[PDB]
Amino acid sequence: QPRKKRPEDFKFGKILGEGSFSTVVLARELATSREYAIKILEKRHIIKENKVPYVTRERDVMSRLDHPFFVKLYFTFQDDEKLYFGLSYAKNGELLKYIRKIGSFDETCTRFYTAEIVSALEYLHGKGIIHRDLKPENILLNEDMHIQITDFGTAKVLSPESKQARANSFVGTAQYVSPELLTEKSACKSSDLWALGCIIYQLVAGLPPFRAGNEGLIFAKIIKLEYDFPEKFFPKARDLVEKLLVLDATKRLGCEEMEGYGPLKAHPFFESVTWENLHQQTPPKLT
């Protein structure tokens, strides 16, 4: 392995963002001149806030990933005060920023970005991992405008030894949380497909489908499947969303009980998509 890195091996630049318990800084490694986004956590805070399992989970999960549509974890290190994660830098930031600025994506852009998310989930689920907090804030964009999914401290590696399907930790974001987590108190891979349906809806409509000024109101709508489509919504995309936003998690297109990603990739909304080539394709410009 390469020499373990230390803070003094880098020059830090701007803060890229600040979370409730972490700060991400842009950094240049002196010996190479490479750029990294380094996520830095104060140990005393992680302890106070009961976040040790989160930090451990983030490292363990990201260490297993090796796919172009995910933020890469290159290294970790620590000192007396802090934990450090050396991540790929996604220069163009959050997908959410683009939704806010443009309001709606056109059909070509919706299809392209949805296809990348589907490709990423196929990989993640193939490794028996549930994301559990999939949302536009956690889909970053690299310099070439391909996706880089992030935020794995609330992900779950399902145990292959027990053929585990359900995860019991209560994690997520209200607009994207699945009805099974609310009613049955567990999530499954298909919970991410529910989140996918909410995201596709959001790209086209400009708002996620279950929305309210507080969480409990959103929960009430999710479990009733209470949402509507705006009058103009690409029809094949509406069909796809209606096949993802299904209360019964065993009936969502793409889930294991529905025979997996093949039928999802075969949906008519994706007819023009070349799946094998996506990360090397030039993304359509977002206008």
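Position 1 is the first residue in the sequence shown; the rest follow in order.
The stretch with the higher mean CA B factor, choosing between 139-147 and 74-82, is 74-82.
Of the two segments examined, 189-197 and 97-105, it is 97-105 that shows the higher average Cα temperature factor in the deposited entry. When the Cα B-factors of 179, 160, 126, 153 are read from the PDB record, 160 comes out highest. When the C-alpha B-factors of 169, 88, 110, 202 are ranked from the entry, the top spot goes to 169. Residue 261: CA B factor lies in the lowest third for its chain, per the PDB record. Sort the modelled residues of the chain by CA B factor and residue 213 lands in the highest third.
Per the PDB record, residue ranking by Cα B-factor puts residue 119 in the lowest third of the chain.
Per the PDB record, residue ranking by Cα B-factor puts residue 31 in the highest third of the chain.
Per the deposited record, the Cα B-factor of residue 244 falls in the lowest third when ranked against the other modelled residues of its chain.
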